[PDB]
Each structure stands twice: as structure tokens, then as C-alpha cells.
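One structure is given here, and the rest of the page talks about it.
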Amino acid sequence: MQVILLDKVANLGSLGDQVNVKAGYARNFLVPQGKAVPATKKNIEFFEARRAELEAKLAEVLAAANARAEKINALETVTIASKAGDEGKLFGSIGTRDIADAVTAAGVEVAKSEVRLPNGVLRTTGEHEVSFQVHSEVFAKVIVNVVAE
Amino acid sequence: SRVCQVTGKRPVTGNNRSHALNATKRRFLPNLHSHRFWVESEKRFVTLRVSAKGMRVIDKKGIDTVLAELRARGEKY
Amino acid sequence: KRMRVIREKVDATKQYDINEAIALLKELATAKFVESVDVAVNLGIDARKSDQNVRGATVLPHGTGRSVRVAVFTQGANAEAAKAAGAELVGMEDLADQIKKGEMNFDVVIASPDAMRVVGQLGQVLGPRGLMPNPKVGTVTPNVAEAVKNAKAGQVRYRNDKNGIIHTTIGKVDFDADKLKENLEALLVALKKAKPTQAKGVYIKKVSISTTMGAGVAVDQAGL
Amino acid sequence: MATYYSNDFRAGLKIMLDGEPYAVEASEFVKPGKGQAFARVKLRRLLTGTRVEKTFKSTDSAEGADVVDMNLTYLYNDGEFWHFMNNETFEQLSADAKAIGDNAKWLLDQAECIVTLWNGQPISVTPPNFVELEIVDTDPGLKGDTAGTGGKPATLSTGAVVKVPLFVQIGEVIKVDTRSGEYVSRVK
RNA sequence: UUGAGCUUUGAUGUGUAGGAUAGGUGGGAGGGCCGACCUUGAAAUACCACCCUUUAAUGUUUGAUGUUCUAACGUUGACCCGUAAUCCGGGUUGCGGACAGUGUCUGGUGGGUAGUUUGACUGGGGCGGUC
Ligand SMILES: [Mg+2]
Ligand SMILES: [Mg+2]
Ligand SMILES: [Mg+2]
Ligand SMILES: [Mg+2]
Ligand SMILES: [Mg+2]
Ligand SMILES: [Mg+2]
Ligand SMILES: [Mg+2]
Ligand SMILES: [Mg+2]
Ligand SMILES: [Mg+2]
Ligand SMILES: [Mg+2]
Numbered sequence: 001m002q003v004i005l006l007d008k009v010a011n012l013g014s015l016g017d018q019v020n021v022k023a024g025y026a027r028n029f030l031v032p033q034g035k036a037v038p039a040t041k042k043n044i045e046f047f048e049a050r051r052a053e054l055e056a057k058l059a060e061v062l063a064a065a066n067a068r069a070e071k072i073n074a075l076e077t078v079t080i081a082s083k084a085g086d087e088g089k090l091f092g093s094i095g096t097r098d099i100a101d102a103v104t105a106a107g108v109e110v111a112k113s114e115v116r117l118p119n120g121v122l123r124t125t126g127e128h129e130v131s132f133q134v135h136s137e138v139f140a141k142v143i144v145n146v147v148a149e
Numbered sequence: 002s003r004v005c006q007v008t009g010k011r012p013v014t015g016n017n018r019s020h021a022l023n024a025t026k027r028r029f030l031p032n033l034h035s036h037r038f039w040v041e042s043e044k045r046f047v048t049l050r051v052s053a054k055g056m057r058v059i060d061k062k063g064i065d066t067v068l069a070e071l072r073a074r075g076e077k078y
Numbered sequence: 006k007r008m009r010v011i012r013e014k015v016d017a018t019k020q021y022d023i024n025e026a027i028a029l030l031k032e033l034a035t036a037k038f039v040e041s042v043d044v045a046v047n048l049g050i051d052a053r054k055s056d057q058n059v060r061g062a063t064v065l066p067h068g069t070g071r072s073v074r075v076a077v078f079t080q081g082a083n084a085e086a087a088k089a090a091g092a093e094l095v096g097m098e099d100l101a102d103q104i105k106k107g108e109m110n111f112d113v114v115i116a117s118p119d120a121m122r123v124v125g126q127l128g129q130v131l132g133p134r135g136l137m138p139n140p141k142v143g144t145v146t147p148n149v150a151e152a153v154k155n156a157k158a159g160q161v162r163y164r165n166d167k168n169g170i171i172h173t174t175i176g177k178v179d180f181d182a183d184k185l186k187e188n189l190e191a192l193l194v195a196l197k198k199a200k201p202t203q204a205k206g207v208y209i210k211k212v213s214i215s216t217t218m219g220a221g222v223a224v225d226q227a228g229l
Numbered sequence: 001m002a003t004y005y006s007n008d009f010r011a012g013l014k015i016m017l018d019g020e021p022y023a024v025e026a027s028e029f030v031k032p033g034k035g036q037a038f039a040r041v042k043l044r045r046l047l048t049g050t051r052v053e054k055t056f057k058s059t060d061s062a063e064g065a066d067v068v069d070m071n072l073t074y075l076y077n078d079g080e081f082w083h084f085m086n087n088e089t090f091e092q093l094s095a096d097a098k099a100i101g102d103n104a105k106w107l108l109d110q111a112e113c114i115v116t117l118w119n120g121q122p123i124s125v126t127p128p129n130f131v132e133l134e135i136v137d138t139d140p141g142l143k144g145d146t147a148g149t150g151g152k153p154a155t156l157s158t159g160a161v162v163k164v165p166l167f168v169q170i171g172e173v174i175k176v177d178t179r180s181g182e183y184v185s186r187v188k
């Protein structure tokens, strides 16, 4: 399925490109999330001759805003007080939703689907390391401590 | 019924034909599949029971065109 | 080393037809002495299947005459009628004792169904392992042996079995008429595909090369 | 491949049922009062050599097969194959490992052994009942304290092992019965 | 992560007996030294030919599962709404996840079901025999 890109994607190419992609991949993931548009001649001209400047401005402004948000969530410390048993070992596993709304309480305005924590659950008390996928090319780190309430 | 909401592919009847030409009735069924399509014009997800041929027709003709054609035909989606 | 004109003129990429490099066969040679011409032939053969055996003799005309060493077994007046065919040892089980002695001169062994009795158990491990048995599909044990021996010693080039898929027979001396050798080489299909084993594989005659002793390398087409 | 009907074939026929040669050994035909006739044949699978039991229907029937046996004479072995020959046609022939199973140790050279060939091809060879063989290895028998017969293990020039009485030493030809794998006499 | 093939550069087969440090099969006197001759087996030896047996560099044609992921799809998990509703739909969320399942084609099994066949003569018919 010939498709025109509206953004830099993983292993296809930069924007403003003509790539042959599988129909399923184009239909289910790319085109719903704006990352591509089918290579109809109308869209080819509409994009190349008319949009390939404005949408580029928007893309770079967004990349800059996301690097800004990465700079802004550089407080690098956020407190979490949840219920835990003895020997640490939280009874209730704190989660991505909890981390997100806690940092929004004390920090940046960030969505719940944004945080990307590697260890998976955060079942115990203590200092933990969580990553933040704010933009497809830039990440962020926060030190999250879980104090037993 | 098993009818592709885009084309209109119905179950057609035919024959089973053996090696000795013994004919028995049978049906051919259209490869129907429930699928949610992303209508960018409406920022919405619409669910049509399409065949695979209908999926390809939508790929080629754009979803909003097919939806307008359905509204013209008088078929609630 | 003077064995490198061959490697100059080895064309493995450009395969030739029958007419192209036939005249160059001795122009590709640097031999001290004189030799013959060999052939390259193949056919799908279940290494496993034994019902794939074809023994006999192939009469290839227009060439070398009595240059073969034969051992014969006859009973009766044919013991003297066979000496009229220029045969070497037309005799009795004394020839079997010669084989026991470990004789390497005689190569093709012939009999007659009356005296075949003598032949089979005699040199029994020896002759057949020597790839020289005496089946009847080939007529190496006849009743009218006068009418066949003059041919078997005159002009016959025998087909052989090999453990490998290889089946490469022999043509005659290098110095014969090259065009006529082409016809002689062509006169082999009518028999090499006269009797298959009915379990032939993908193709019939995959290889076709004409090497004389070690000199010529003429790869050819299966059809032409 | 004349088709054969159940109430027709007695023992000896070589039926070809189900892509497989057989050999009717015994058959009992029954015609009861008020019912379809049948035959209880004592078949014989002719490739693995096991006896199968089949009740055949008057109507149910099978094609014949070219399974035949005559007296071939062993010649030589080479690699995985055994070659034999006729004394009335002198037709050459080659078998395989499957055909010579456990008769490898019984055939020497020139033995006249009946072979079953099918599709013009051997499937089973039967070694002559008694074969004269020579012993490759034995422990010099010493009576020692033996009070009974004792016996002694002895390999042969073809690999086989037989119990030989006590005196047979090395280089003595013995006679064994292929059927029982046992010593019969020391052939002088 | 690898397995089989194909142009392909090459190497490589170790017993008995022959000195052994013989791949097979024909044609078998070629290139400082072998060869044949001779010892020899079951086959006897330089010379290259047709290839088998592995082995290593590319284009190879590729499949094979084995991990991860989410977005298709499933959800007879939980909650919210239509709503005075253990249906249905929509929305958050969790779990599976390109498996499952369905369509066309195809191999197998299939008395579960269906349509049918199962001869004639005959001193009644059957069995026996016969055509
Ligand atoms: Mg009908
Ligand atoms: Mg179509
Ligand atoms: Mg899963
Ligand atoms: Mg499936
Ligand atoms: Mg079927
Ligand atoms: Mg059935
Ligand atoms: Mg029925
Ligand atoms: Mg009928
Ligand atoms: Mg009557
Ligand atoms: Mg009757």
C-alpha cells in the first residue's frame, strides 16, 4: 500500500516520503494516528506543494515543546505515600496511573499513558527509577520514592 | 444477515461436486468481518460488517466516500 | 607446468552446442602419447533402488575393431567355431583356473547357457564383483555365439553401473572424423533410454561433456 | 492380477490386498443355514512375516500378485546388497538389507537358498537348513571341574555365535542348523 | 536463532593388503620425480575426466520457531452511561493478542445422515454346480 508520511516513523523514513507498506500496518496504526496518508495523487499534491512547509513547522514546534516538557520535569524527585506491610512490600502495587497523577499534583501536566516504567509494577517501598516517554525521540527520568503510609 | 455492509455480497448457493459428479446443494458465504474504521472526518470510530473485498474497496475509495454512499443507499451504520 | 591451456580454454559459463567446440578437441591437447575420447551422461537413479539395473552391450559403429580382451565359455563344436572369430581363449574350466590365478588380461567374459554352468560359480565373486557378470538381458551367453562374438569383439562399447549417479561411457580414438563422432555420440540415446527403470526422476540426460583423456572440456545441451 | 474371490482360493495363493503381498496358509469356508457365506482364512503377511487372521466375505475379494519362489544360489555381498543366480535361467539378481534379515549370518557362498521375490524383486531369503561354517573365535575349552556337559560360546567366520560342545577349537568347520541356531556336528 | 538448495572459491575421504598417508566409475603413460610393471584385495595405485563425502567466503530461494510489542481482533473480567434493565450498544480499564475465530480452496476421518446395488438357470427356493 503506497502511503505518504506525515511524520518521522521508526524504520520507514522521514516525513514527505513515498513508502510501500503493508495494508494492515497502514490501515490499523499509521493512518488513525496521523502518521501517514494514502498516496492518492490529490493528497500527494495537497501535501508536497501545499502542506510540506506548514506541517513541518507544526512538527518542529511540537518537538521543541516536548523537549521543553522534558526540561520541566527535571525536578527528579516525587513523593509517593501508599499503604505497605512490614519489611516494605507494599500491599497495593502503585502504578503508572498513580505516578502520572502524583507528578501532575507536584510537577508537570502529563498524561497517564505517557509514563513508561521499566521494572513493571513497583511493588516495594524505596527509591525506584521510572522513565517518561514524552516524545518519540526524547525520554525523561524521575526518582520516585515509596514511603509506607 | 451475512451481508457485507459495503458491497452487498450475499450468501450464494451452488453445488458440491464429487469425483462421480454427484451434486448436492451448498452455500458460498462471504468472508464477513466486523471491523472498526477510523473516520478522520468525524474523529470517530464506526463499525461496519464488511467482507475482505469491502475492506479493499474502502482502502481504495476512502472511508468517507463509502459512508456517504451508504447514507445514500439508506443503510444505518 | 604445461597443463594450463586447459584452464585458459575452460568455458564453464558458455556451454557449447555439438558443432561449436567439436573440432577443438585435440587442439586442446598436449599429450605425449595417443588416447581415446570419453563421454559424460547421467540419469536419475535411486541410489536405493536396485530394480534400476540395465546390463548388456552397446554396439557403436564406424571405428576401432578388435582391441578388446575376451574370455569365452562354449561347449561342443563351437569351441572350434569360435576360434574362427579371432577369439583368444575358447575353452573350458581351465580358464576358470586362470581366473583363480588372478588374471587381469581378459576383460569381457562370455559363456553359453550349456557351459554357463561352468561360468557362474567360477570366478563367482571375482567376475561379477569385477563388474563383469553374465546376465541374459544382455546376450553375453548366447546359443548362436558365432553371430554375436564377431560383434562383441569387433565394435561394442558396453554400458556400466556405478555406485554414484555417474554413468560415463567411452568413445573411440581422438584421431577419427569429429563430425562422425558427433553422430556416434548421438547413436547412444536410442539405447540409453531404450530401457529405463520406470522410476526416473526429474530429467533424462542432464550432463553432456566430451573429454578425451584429460584435455577436452566440452559441456553441451541435453537436447541439441 | 486376476481378482480372486473368497470362496475360491485355497492355501498357496499370493493375494495382493491393500498394497501388500500376502500368502493364504489355511482357509475355512462356511455356508451356514440362513446367512451370507464366508471364509476364515489364515493369511500370512509376506513382508514382515506375521500371520494375520481375516474373515472374508463371499463377495469380498482381491487381486493376485507376482510373488514367487524358486532356487537361487548365493554369490556375493557388496555393501548393502546380496546377489544371487539361477541354474536354469542364469538370471542375475540383487536383494537388499531388508530381505536378508538375520540370514546374513547364515549365508556363506554358493549356498542354494530359496528366495521369495515380488514384483520381480526379492523380499525374503531362506537359508539352507544346514550350513557348514568355520569358527573364528573360541576359548580353548578346559574341562576343569566341569561335571556336566558344559558347552562353549564360539563365534563363526560370519559373525554368528553358537554353543559348541567343548572340543571344537579354532579352524574347525562345524555344522549349524539355521533354523535353530544350534550346533549339529563338527564336519570333519 | 538457524535448516535445506542454487552460480561459487577451495580443501577433503585415513582399515585387510599394497610401505600406507586407495572416494567411486570408466578412458588409463602424464607431468623435480612418481606411475604402470610387482607385492595386492572384495576392488590396485601416476594423468585429468563425471560426480558422491563433508568442510569455509558472497548473490543465494527461502522457509523455522522463539522472544518482545500494540494497533487489528477476542474478552461469557471490573466500573460508568443510554436506564426505573444480570439483553444490546457506547466509554474508561485490565487480560489475552496477530494466536484464537470466521470465509474460499484442499487432504483425512466420517453408517451421524441420504440415495442405491446386492444376476440368471434350477425338476419349489436355498446350498452345490453352470453361464
Ligand atoms: Mg439429482
Ligand atoms: Mg473478487
Ligand atoms: Mg498475549
Ligand atoms: Mg486458523
Ligand atoms: Mg475431502
Ligand atoms: Mg465408511
Ligand atoms: Mg443406508
Ligand atoms: Mg452389479
Ligand atoms: Mg431345487
Ligand atoms: Mg451358487
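The listed protein sequences derive, respectively, from chains G, X, A and 6.
Going by PDB author numbering, 39 is the number at position 39 of the first sequence; the sequence numbering is gapless.
Going by PDB author numbering, 33 is the number at position 32 of the second sequence; the sequence numbering is gapless.
Going by PDB author numbering, 103 is the number at position 98 of the third sequence; the sequence numbering is gapless.
Going by PDB author numbering, 157 is the number at position 157 of the fourth sequence; the sequence numbering is gapless.
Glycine included, each C-beta is placed from N, C-alpha and C at the ideal position.
Distance between residue j and residue i (C-alpha atoms, nearest Å)
i, j, result
"residue 89 (chain A)", "residue 131 (chain A)", "28 Å"
"residue 17 (chain G)", "residue 4 (chain G)", "5 Å"
"residue 37 (chain X)", "residue 46 (chain X)", "6 Å"
"residue 4 (chain 6)", "residue 123 (chain 6)", "23 Å"
"residue 125 (chain 6)", "residue 107 (chain 6)", "10 Å"
"residue 202 (chain A)", "residue 57 (chain A)", "5 Å"
"residue 131 (chain G)", "residue 53 (chain G)", "33 Å"
"residue 175 (chain A)", "residue 180 (chain 6)", "51 Å"
"residue 109 (chain 6)", "residue 102 (chain A)", "18 Å"
"residue 170 (chain A)", "residue 97 (chain 6)", "21 Å"
"residue 35 (chain G)", "residue 3 (chain X)", "34 Å"
"residue 101 (chain G)", "residue 111 (chain G)", "8 Å"
"residue 33 (chain A)", "residue 73 (chain 6)", "51 Å"
"residue 34 (chain X)", "residue 66 (chain X)", "20 Å"
Any non-hydrogen atom of ligand 2 within 6 Å of residue i CB
i, result
"residue 210 (chain A)", "no"
"residue 54 (chain X)", "yes"
For residue j and residue i, believed in contact at Cβ under 8 Å, the rounded distance
i, j, result
"residue 90 (chain 6)", "residue 121 (chain A)", "5 Å"
"residue 123 (chain A)", "residue 180 (chain A)", "About 40 Å; that fails the 8 Å criterion."
"residue 52 (chain 6)", "residue 43 (chain 6)", "5 Å"
"residue 44 (chain A)", "residue 215 (chain A)", "7 Å"
"residue 73 (chain G)", "residue 108 (chain G)", "4 Å"
"residue 41 (chain A)", "residue 83 (chain A)", "No, residue 41 (chain A) and residue 83 (chain A) are not in contact; Cβ-Cβ is about 32 Å, not under 8 Å."
"residue 144 (chain 6)", "residue 163 (chain 6)", "That pair is no contact at about 17 Å."
"residue 26 (chain A)", "residue 191 (chain A)", "With 8 Å as the limit, residue 26 (chain A) and residue 191 (chain A) do not qualify as a contact, their Cβ atoms being about 16 Å apart."
"residue 99 (chain G)", "residue 115 (chain G)", "5 Å"
"residue 98 (chain A)", "residue 127 (chain A)", "6 Å"
"residue 27 (chain 6)", "residue 11 (chain 6)", "6 Å"
**Residues of the region 18–29 of chain G whose Cβ lies closer than 9 Å to any Cβ of chain X, in chain order** = From the region 18–29 of chain G, only 23, 26, 27 and 28 have a Cβ closer than 9 Å to chain X.
**Message:** Please list, in chain order, the residues of the region 110–140 of chain 6 that have any C-beta partner in chain A closer than 7 Å.
**Reply:** Under the 7 Å Cβ criterion, the region 110–140 of chain 6 contributes 110 and 121.
**3-residue-minimum beta strand (DSSP E) runs that sit fully inside the region 50–124 of chain A, ordered along the chain** = Within the region 50–124 of chain A, the complete beta strand (DSSP E) segments of 3 residues or longer fall at 75–78 and 94–96, listed in chain order.
**Request:** Let me know the beta strand (DSSP E) ranges lying completely inside the region 174–216 of chain A, each 3 residues or longer, listed in chain order.
**Result:** Taking 3 residues as the minimum length, the beta strand (DSSP E) runs contained wholly in the region 174–216 of chain A are 175–178, in order along the chain.
**Item:** Runs of alpha helix (DSSP H) wholly within the region 51–138 of chain G (minimum 4 residues, chain order)
**Value:** Fully enclosed alpha helix (DSSP H) runs of 4 or longer: 54–72 and 96–105.
**Every unbroken alpha helix (DSSP H) within the region 136–177 of chain A, with a cutoff of 4 residues, ordered by chain** = Here the runs fully enclosed are 151–159.
**Prompt:** Listed from N- to C-terminal order along the chain, which residues in the region 54–72 of chain X have their beta-carbon within a distance smaller than 7 Å of any beta-carbon of chain G?
**Reply:** Those residues of the region 54–72 of chain X that come within reach of chain G (Cβ to Cβ, closer than 7 Å) are 60.
**Request:** Within the region 35–60 of chain 6, note down every full alpha helix (DSSP H) run reaching 4 residues or more, in order along the chain.
**Result:** Qualifying alpha helix (DSSP H) stretches: none in this window.
**Asked** Taking Cβ-Cβ distances below 9 Å as the criterion, which residues of the region 52–77 of chain A are in contact with chain 6?
**Response** Within the region 52–77 of chain A, those residues whose Cβ lies closer than 9 Å to any Cβ of chain 6 are, in chain order, 53, 55, 56, 58 and 60.
**Message:** So if I threshold CB-CB distances at 7 Å, which residues from the region 141–152 of chain A count as touching chain 6?
**Reply:** Answer set for the region 141–152 of chain A: 141 and 146.
**Item:** Contact list for the region 108–139 of chain G against chain X, Cβ threshold 7 Å
**Value:** Flagged: no residues at all.
**Item:** Near-chain 6 residues of the region 102–126 of chain A - C-beta to any C-beta below 9 Å
**Value:** Those residues of the region 102–126 of chain A that come within reach of chain 6 (Cβ to Cβ, closer than 9 Å) are 116, 118, 121, 122, 124, 125 and 126.
**Message:** Using a Cβ-Cβ cutoff of 8 Å, what residues of the region 81–94 of chain 6 are near chain A? List them in chain order.
**Reply:** Cβ proximity to chain A below 8 Å picks out 81, 83, 85, 87, 89, 90, 91, 92 and 94 from the region 81–94 of chain 6.
**Message:** Please list, in chain order, the residues of the region 70–81 of chain 6 that have any C-beta partner in chain A closer than 7 Å.
**Reply:** Against chain A - using a Cβ distance shorter than 7 Å - the residues of the region 70–81 of chain 6 are 75, 76, 78 and 81.
**Asked** Relative to chain A, which residues along the region 94–105 of chain 6 have a C-beta separation below 7 Å, given in chain order?
**Response** With the criterion set as a beta carbon lying under 7 Å from some beta carbon of chain A, the members of the region 94–105 of chain 6 are 94 and 96, in sequence order.
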